[PDB]
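Worksheet: one structure, shown below.
What follows draws every value from the coordinates through simple rules; no lab data is involved. Please note: Cβ atoms are built from the backbone with ideal geometry, for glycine as well, and neighbour counts cover all protein chains shown.
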Amino acid sequence: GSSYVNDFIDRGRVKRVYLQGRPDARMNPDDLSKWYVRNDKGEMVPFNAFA
Amino acid sequence: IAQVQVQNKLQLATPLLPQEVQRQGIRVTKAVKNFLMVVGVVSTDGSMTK
């Protein structure tokens, strides 16, 4: 899901900033295993390891 | 009812305003052009400052 981060001026008018994943990286249930979450020690942890 | 309509349309105005303008809160007051009376105090002995 998207998330309103903050605003930005555009052509002298206030517009906002969203951020998601790519449109081809959330389409399948198998595409939800690309997203890696950071361990406290430093390295990456896969998402089908626990979820 | 003019103040009612002004801060009715201001509610629709406020989402496009920045987050900080929303967290601060903006105020709506009936405007009067003239000043009726200026009430002011002075210091006779020169002791206490401005």
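Residue-by-condition table, conditions (1) in contact (Cβ under 8 Å) with a residue 12 or more places away in the chain; (2) β-branched (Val, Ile, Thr); (3) within 14 Å of chain B (Cβ to nearest Cβ):
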{"residue": "A:3", "(1), (2), (3)": "yes, no, yes"}
{"residue": "A:6", "(1), (2), (3)": "no, no, yes"}
{"residue": "A:12", "(1), (2), (3)": "no, no, yes"}
{"residue": "A:17", "(1), (2), (3)": "yes, yes, yes"}
{"residue": "A:33", "(1), (2), (3)": "yes, no, no"}
{"residue": "A:41", "(1), (2), (3)": "no, no, no"}
{"residue": "A:44", "(1), (2), (3)": "no, no, no"}
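Checked against (1) free of Cβ contacts under 8 Å to residues at least 12 places away in the same chain; (2) within 14 Å of another protein chain (Cβ to nearest Cβ); (3) surrounded by fewer than 10 Cβ atoms within 10 Å (Cβ to Cβ), residue A:23 meets all criteria but (2).
Please specify each residue of the range B:1-38 satisfying the condition of being aliphatic (A, V, I, L, M), in a loop (DSSP other than H, G, I, E, B) and either away from chain A (no Cβ under 14 Å) or out of contact with any strand residue (DSSP E or B) (no Cβ under 7 Å at 6 or more places or on another chain) (or both).
Here is the first cut: in the range B:1-38, the residues aliphatic (A, V, I, L, M) are B:1-2, B:4, B:6, B:10, B:12-13, B:16-17, B:21, B:26, B:28, B:31-32, B:36-38.
If we keep only those that are in a loop (DSSP other than H, G, I, E, B) as well, we get B:1, B:16-17, B:26, B:28, B:31-32, B:36-38.
Listed by number, the residues that qualify are B:1, B:17, B:26, B:28, B:31, B:32, B:36, B:37, B:38.
Within the range B:1-27, being under 18 Å from the mean Cα position of the chain (by Cα), loosely packed, with under 10 Cβ neighbours inside 10 Å and of a type in the set (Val, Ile, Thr) holds for one residue alone: B:4.
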